[PDB]
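Have a look at the structure below, then the notes.
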Amino acid sequence: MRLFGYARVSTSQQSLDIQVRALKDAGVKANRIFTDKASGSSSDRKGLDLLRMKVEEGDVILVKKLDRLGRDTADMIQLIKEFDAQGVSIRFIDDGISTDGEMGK
């Protein structure tokens, strides 16, 4: 089990630093900070891209709320269904627990 934290910058000053402090404050290790330097030529979705292959069985993925996971398509729910099937959890600073309620009821 480990404390992985997903991050993504939105501003063009030092959002990666502010994000990391947000994941660490949430309970994430600096060594496990899969951030995303979106402040570039295009969106750098490499954090969850590598997180899907770096999380361990029974690991907790702490996500911060600075902008938004996805936008239109089920992106925020995509990596959530991928980790949910891998036996991994995803904590949310917005509440403290994971998506305890994401089905097509």
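So you can find residues: chains in the structure tokens are A, B, ... in the order shown, residues in each start at 1, and ligands are numbered from 1 in order.
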Could you pull the residues within 12 Å of residue 21 in chain A, counting only C-alpha atoms, minus those fewer than 3 positions along the same chain, as a compact mmCIF listing (two decimals) with C-alpha atoms, in the first residue's frame?
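Just written: selection-v6.txt:
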# COMPACT_ATOMS: atom_id res chain seq x y z
CA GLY A 5 -1.21 11.57 -5.53
CA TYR A 6 -2.40 12.80 -8.95
CA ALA A 7 -1.76 16.48 -9.82
CA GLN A 14 3.91 27.29 -10.12
CA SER A 15 0.69 25.24 -9.92
CA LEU A 16 2.80 22.04 -9.85
CA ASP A 17 4.42 23.23 -6.59
CA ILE A 18 1.06 24.34 -5.14
CA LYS A 24 1.13 16.14 0.53
CA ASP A 25 -1.32 18.07 2.75
CA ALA A 26 -3.91 15.51 1.65
CA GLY A 27 -1.56 12.66 2.65
CA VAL A 28 0.56 11.96 -0.44
CA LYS A 29 4.31 11.21 -0.58
CA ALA A 30 6.46 13.62 -2.65
CA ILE A 33 3.54 12.76 -7.16
CA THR A 35 1.54 15.61 -11.59
CA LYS A 64 -6.89 17.18 -5.41
CA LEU A 66 -7.87 22.58 -8.31
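Residues of chain A that DSSP places in strand (DSSP E), based on the backbone of this structure, are residues 3, 4, 5, 6, 33, 34, 60, 61, 62 and 63 of chain A.
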Report task. Can you pull out every residue within 12 Å of residue 82 in chain A, counting only C-alpha atoms, but drop anything in the same chain fewer than 6 positions away, and send it as a list in words? Result ->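 The residues that qualify are residues 48, 49, 51, 52, 53, 55, 61, 74, 75, 76, 88, 89 and 90 of chain A.
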What would the file look like if the residues just selected were written as a PDB file, in the first residue's frame with C-alpha atoms?
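As a result, result.pdb now contains:
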ATOM      1  CA  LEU A  48      -2.847   9.046 -14.605  1.00  0.00           C
ATOM      2  CA  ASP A  49      -1.332   7.539 -17.794  1.00  0.00           C
ATOM      3  CA  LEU A  51      -0.461   6.013 -12.468  1.00  0.00           C
ATOM      4  CA  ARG A  52      -2.609   3.323 -14.141  1.00  0.00           C
ATOM      5  CA  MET A  53       0.614   1.258 -14.410  1.00  0.00           C
ATOM      6  CA  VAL A  55      -0.406   1.938  -8.549  1.00  0.00           C
ATOM      7  CA  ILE A  61      -4.817   7.495  -5.099  1.00  0.00           C
ATOM      8  CA  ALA A  74     -16.103  10.242 -18.840  1.00  0.00           C
ATOM      9  CA  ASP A  75     -12.374  10.899 -18.244  1.00  0.00           C
ATOM     10  CA  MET A  76     -12.604  11.458 -14.465  1.00  0.00           C
ATOM     11  CA  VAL A  88      -6.856   0.314  -5.903  1.00  0.00           C
ATOM     12  CA  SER A  89      -8.679   3.097  -4.019  1.00  0.00           C
ATOM     13  CA  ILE A  90      -8.841   6.824  -4.853  1.00  0.00           C
TER      14      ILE A  90
END
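Here CA of residue 22 in chain A stands at a distance of 9.8 Å from CA of residue 62 in chain A.
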Query raised in the report: Which one of A:70, A:101, A:87, A:58 sits closest to residue 2 in chain A if you count only C-alpha atoms?
Result: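 Using only C-alpha atoms, residue 2 in chain A sits closest to A:58.
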Give me every alpha helix (DSSP H) residue in chain A, going by DSSP on the backbone, as a PDB file with C-alpha atoms, in the first residue's frame.
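Heads up, here's the output in selection.pdb:
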ATOM      1  CA  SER A  15       0.686  25.244  -9.918  1.00  0.00           C
ATOM      2  CA  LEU A  16       2.804  22.039  -9.849  1.00  0.00           C
ATOM      3  CA  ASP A  17       4.421  23.227  -6.588  1.00  0.00           C
ATOM      4  CA  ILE A  18       1.061  24.339  -5.138  1.00  0.00           C
ATOM      5  CA  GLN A  19      -0.502  21.052  -6.325  1.00  0.00           C
ATOM      6  CA  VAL A  20       2.222  18.850  -4.739  1.00  0.00           C
ATOM      7  CA  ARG A  21       1.757  20.726  -1.426  1.00  0.00           C
ATOM      8  CA  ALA A  22      -1.972  20.020  -1.897  1.00  0.00           C
ATOM      9  CA  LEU A  23      -1.354  16.273  -2.385  1.00  0.00           C
ATOM     10  CA  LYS A  24       1.126  16.141   0.532  1.00  0.00           C
ATOM     11  CA  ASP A  25      -1.319  18.068   2.755  1.00  0.00           C
ATOM     12  CA  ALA A  26      -3.912  15.509   1.647  1.00  0.00           C
ATOM     13  CA  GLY A  47       0.208  11.375 -14.465  1.00  0.00           C
ATOM     14  CA  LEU A  48      -2.847   9.046 -14.605  1.00  0.00           C
ATOM     15  CA  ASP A  49      -1.332   7.539 -17.794  1.00  0.00           C
ATOM     16  CA  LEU A  50       1.595   6.251 -15.695  1.00  0.00           C
ATOM     17  CA  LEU A  51      -0.461   6.013 -12.468  1.00  0.00           C
ATOM     18  CA  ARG A  52      -2.609   3.323 -14.141  1.00  0.00           C
ATOM     19  CA  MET A  53       0.614   1.258 -14.410  1.00  0.00           C
ATOM     20  CA  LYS A  54       2.351   2.434 -11.176  1.00  0.00           C
ATOM     21  CA  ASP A  75     -12.374  10.899 -18.244  1.00  0.00           C
ATOM     22  CA  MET A  76     -12.604  11.458 -14.465  1.00  0.00           C
ATOM     23  CA  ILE A  77     -14.625   8.214 -14.265  1.00  0.00           C
ATOM     24  CA  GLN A  78     -12.313   6.396 -16.746  1.00  0.00           C
ATOM     25  CA  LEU A  79      -9.180   6.162 -14.547  1.00  0.00           C
ATOM     26  CA  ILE A  80     -11.609   5.615 -11.610  1.00  0.00           C
ATOM     27  CA  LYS A  81     -13.110   2.471 -13.201  1.00  0.00           C
ATOM     28  CA  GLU A  82      -9.579   1.377 -14.192  1.00  0.00           C
ATOM     29  CA  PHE A  83      -8.287   1.707 -10.599  1.00  0.00           C
ATOM     30  CA  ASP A  84     -11.517   0.294  -9.104  1.00  0.00           C
ATOM     31  CA  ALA A  85     -10.924  -2.916 -11.103  1.00  0.00           C
TER      32      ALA A  85
END
Requested in this report: For CA of residue 65 in chain A and CA of residue 96 in chain A, determine how far apart the two atoms are, in Å to one decimal place.
Outcome: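 It comes out at 11.6 Å.
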Requested in this report: Can you pull out every residue within 7 Å of residue 36 in chain A, counting only C-alpha atoms, but drop anything in the same chain fewer than 3 positions away, and send it as a PyMOL selection string?
Outcome: chain A and resi 7-9+44-47
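Between CA of residue 102 in chain A and CA of residue 57 in chain A lies a distance of 20.5 Å.
Across A:60, A:3, A:94, A:104, the tightest approach to residue 31 in chain A is made by A:3 when counting only C-alpha atoms.
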